[PDB]
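For this one, two forms of the same chain are given in structure tokens, first as structure 1 and then as structure 2.
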Structure 1
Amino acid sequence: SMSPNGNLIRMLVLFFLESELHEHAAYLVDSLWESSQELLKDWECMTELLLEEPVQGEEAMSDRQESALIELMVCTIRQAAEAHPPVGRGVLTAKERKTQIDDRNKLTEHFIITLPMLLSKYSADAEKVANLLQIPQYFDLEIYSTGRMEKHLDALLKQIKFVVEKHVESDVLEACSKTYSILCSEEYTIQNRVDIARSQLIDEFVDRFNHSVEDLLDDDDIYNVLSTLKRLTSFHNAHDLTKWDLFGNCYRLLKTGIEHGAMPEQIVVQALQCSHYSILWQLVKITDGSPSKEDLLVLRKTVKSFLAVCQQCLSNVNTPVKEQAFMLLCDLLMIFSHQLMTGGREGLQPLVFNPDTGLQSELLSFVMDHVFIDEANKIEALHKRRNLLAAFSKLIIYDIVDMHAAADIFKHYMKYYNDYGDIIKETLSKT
């Protein structure tokens, strides 16, 4: 529309696509940032290409070319606000410091209005949305009230709620949960308005989750419980959903998936994951406040119950359930260790859980079947296994599990050609 650079930018997307440095998007923007800074900040032009018609006589953009523009656009937003190169290409002067302020004002004021339009046009695209939700972090959230633009905040929260209810992708839900935490930044002005919008979204899914579990106690009844719970889990990670009673139906989903084994693997992974955040959130309130002794006991009982469920899930037939239950055990045993009392927090003696040798054996036994065994998926699985070994290596270094059996076993498996060599050499040294 207005901006002439529509031809320049439409071909920068092309120069980035047809040169196949697909993982150098943030690198490409930083490269041409010293010379082509003014072109890359024309976000008015970029939004016009995505939102406006290409006018008769011109050819429209392809689905992929529109995804590349968004990816390049968000990198320009990052480089402008942060005023430093991205991760991979690691002070400001006076003029540079002033330009950073104006750039934050320009990008905020532009995208306060246009971001809900972008989200609305491309709501059914998981890849694009996950990139579009990376923008609010760089906003100056005072302008929502300085400019009296609260009318557009509701449009954004309305579109965020629209993205959540029609998407189950793990990456999309991650972006939504992080955005709602940024809009609740507790800074000053908009803290109140976002909370009402947040509680509305949680309430509408706590009901659609609790009432969906009562129907599961069918192929369609399964998808109802999974979709409604996966969303709650991503939000429970970043937001204190303790006021809601989410542990209740999460435990019941596990206590009957263990007794009967009729539960599907993915529902168990989310139910286990959701309950982990609930316990961690309950611990933050107990830690920050001046609690009573009853509070420690009810949390002591809740933590003990979940740890038992995680041990039983180690014997599940499905590998993802086995994998998920292992990582939660390593994290909880580290959080609820003797280090938990360190820092003058002696009033947490009951909450300390030390693993018995029966459980320490099961953890070491899990490393034997899923870490030490005999192109996009083998590099995918290599990081999957390295994370599991590092989680157990943490327990060894901090004297949470007995080290004498694990140390000798690691020395016998060092025949894995640096696959775990750097991890193993570090854990062996710290003894």
Structure 2
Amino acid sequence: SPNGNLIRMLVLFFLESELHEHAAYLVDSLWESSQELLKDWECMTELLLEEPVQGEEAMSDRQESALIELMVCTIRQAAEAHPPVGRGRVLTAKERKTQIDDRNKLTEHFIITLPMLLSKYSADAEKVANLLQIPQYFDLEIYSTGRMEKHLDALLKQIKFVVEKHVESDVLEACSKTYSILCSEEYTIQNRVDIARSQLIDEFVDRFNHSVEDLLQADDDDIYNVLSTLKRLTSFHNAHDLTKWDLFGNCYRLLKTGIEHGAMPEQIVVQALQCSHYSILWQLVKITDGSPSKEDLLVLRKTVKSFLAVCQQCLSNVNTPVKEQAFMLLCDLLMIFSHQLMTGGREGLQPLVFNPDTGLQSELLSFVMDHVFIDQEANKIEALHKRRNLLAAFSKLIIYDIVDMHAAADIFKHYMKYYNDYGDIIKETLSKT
């Protein structure tokens, strides 16, 4: 493949030079002139899947990662037929025809080759997370049309292998999204994916339940067995309703054990808090869409009240990731279960309304002082945007007077004191320089 040499050098140009920071911007800039080369997906998957021939240099691991990332960018650009975010709308008749044929080409090719790609690179977390961004651009009807049921089985097989081998959050999130996508088209393949997903969840709920009992009744393995299985269940509980498995019960036991004795690892606490939050959100969805009874509402109220106390108690955990996690869920729940919940003819949801007492408001205000306004490279701007999200989620409680909006203003005036006292002098000084 002479196109193979061009693809190889394009990967080299993207890695060796600093002219293009993002792969999506490089693909977009060359899309007008090199669209046919950038859509030779048969050539890209052959470079990734075939072994080097005699006299040919093997691709390094970084070049294979860049080729995968570039390949996914071309898949998006061909399927969506518009530049990526940041570079952005009527398509001509030919462009719409090109999009339909592109969508058909990439769907048939990657329904076959994505299982092969996932199998070869199953251990590489960054590569698998990128490869799992591909099914969202599939024309999923082809699974039934082209009689490609065996390739759906091969994809479901490789996703389960990926879930079983990985604990990274981006990998587990990409697997969860792929399961959600595969159940969003037609019921014949929806039922086949539901069977594979439910069996995958059943196997990890059993392993999680057995690990929780091993831990509470500790070893390094006991800690890993709980954390690793809880990570996969927490990642799937966002997009998948896992309430038929009573996951809140064991998460509550883990959090209560960590509150009394204070020996629970921080990441088990963070995952247990997040998993419990997801369970509550799904329980609210089911209780909202249906016609619940008085017992249904008060059962969820008992659950939310006990979890609000756990999040408040977790604010005193020695580990700051637990504080931030509990604080984010506090600001989330106090906004969801406020009087906002009674909008749109849903006054029957009043028993689910919660008002934070004085002690909780004071502890929420304390977190802002010690963990949002702190004294003291790529992790600095990430922690800054994290603290901004923490303050933004807390500011919504201020606007609607869920917390003491006056006590929060005095905290704001305190940390803005240098700007109100010397800001005018500093502004006009930096202007004339």
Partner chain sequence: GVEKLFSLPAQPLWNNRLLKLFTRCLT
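Only residues modelled in both forms are compared. All residue numbers here follow the sequence of structure 1, with the first residue given the number 1. By rigid core we mean the largest C-alpha set that fits within 1.5 Å across both forms.
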Check your understanding: Looking at both, which one would you say is the form deposited without the partner chain?
Key -> 2
Practice item. Kindly specify the one residue in 105, 199, 189, 266 whose Cα moves by 2 Å or more between the two structures, with superposition done on the rigid core. Key: 189
Point to revise | Did residue 21 shift 2 Å or more between the two structures, C-alpha, core superposed | key: yes
Point to revise | Is_shifted residue 423 between the two structures (CA, 2 Å cut-off, rigid core) | key: yes
Point to revise | Angstrom displacement of the CA atom of residue 414 between the two structures, core fixed | key: 2.2
Review point. Supposing the core is put in the same place in both forms, how far has the CA of residue 140 shifted between the two structures, in Å?
Key: 0.5
Check your understanding: For residues shared by both forms, which stretches of 3 or more shift their Cα by 2 Å or more between the two structures, once the core is superposed?
Key -> 20 to 23, 186 to 189, 414 to 431
